[PDB]
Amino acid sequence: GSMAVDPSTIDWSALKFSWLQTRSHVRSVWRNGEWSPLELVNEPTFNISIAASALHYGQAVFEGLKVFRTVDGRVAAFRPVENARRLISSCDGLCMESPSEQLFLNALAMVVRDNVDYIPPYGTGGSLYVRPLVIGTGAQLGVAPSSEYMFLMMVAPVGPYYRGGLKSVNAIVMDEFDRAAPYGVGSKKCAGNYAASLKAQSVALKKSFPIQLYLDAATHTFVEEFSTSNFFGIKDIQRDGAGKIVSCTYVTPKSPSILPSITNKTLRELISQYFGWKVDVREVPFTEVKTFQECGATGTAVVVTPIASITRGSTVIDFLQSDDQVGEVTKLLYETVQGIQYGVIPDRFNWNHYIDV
């Protein structure tokens, strides 16, 4: 019976990326062919069958997107239609029912309006993290798709991921670990993929690597992605007489096993249609990694994680000399995404879904 955090007392500057109990979440339940009307729920728990399919047989997928208080005082969700469609794709891959795009967008507006006082104010660099979830809740023993599903959407304010500037990190390649089967569910944002990566995480954390890069499980010769973020590389950077970048190539792996990052898609669209440079979505052999001039990971919580080095066995590929250093194009991407998200750069590609609050 725990109480909501008082929004008027939240020190936004101390926020990191943690669970925080806001006023409400929204809920809908599927049975007999239809979702029930969306409802606000104040208590951050629900009653689940001890036999729920989500707990025994893994029918559980989720999403992640951000809502922002913009420079002119409005509220916008960043590309939520992309999340609604990926949620449907994750559900389908696990034989789960899913809310339609419109039900998803209705849930978002409903939950954002009821928790509007939890959106970190403009100037904090914070945001409202949105976590949609679909889980099989029917009680069953045989291994089969559940007959009942629940769609939840919860929110929590998070602080600026980079309080005080972009920082680069060291990555390790997991040679004795896979994150996805070649013909598996690596492209679905499903619960099981994350627990299946925890053992590799602890091995990498014990060696002081905050991020783990995976190669393709089939041959272990091509870059796949990090455990919770896509991989990209930058090369062929060319500049004019003023030092301005006038050309470069953004490279990112292509594979049915890779989670299709919406931030990655955003970066590709910025590289080619906003800045007018080259984008390559193709197989990235690991031997090519040493030819990249910049390397990064991409995902909603970080936008980008600049990669200072990649370690595989005893071979080290060094991109940046210090964690203070970050790739120039990588930083440009970060600032351009954030400029659009917060309303400072005009939203040329209509990525911002404004919510009337």
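Don't overthink the numbering: it's just position in the shown sequence, from 1.
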Quick note on 13-21 and 335-343: per-entry mean CA temperature factor is higher in 13-21
The stretch whose C-alpha atoms carry the larger average B-factor in the entry, 235-243 or 131-139, is 235-243
Reading the B-factor column for Cα atoms of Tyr162, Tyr194, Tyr183, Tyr214, the highest value belongs to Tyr162
Between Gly299, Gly64, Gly327, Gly58, which carries the biggest CA temperature factor in the record?
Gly327
Taking the values exactly as deposited, rank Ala204 by C-alpha B-factor within its chain and report the matching third: lowest, middle or highest.
middle
Would you check the entry's CA temperature factor for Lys254 and let me know if it's in the chain's lowest, middle or highest third?
highest
Name the third of the chain's ranked CA B-factors that contains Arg282, choosing lowest, middle or highest.
highest
Test of reading the entry: by CA B factor among the chain's modelled residues, which third contains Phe104?
lowest
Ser8 by Cα B-factor - lowest, middle or highest third of the modelled chain:
highest
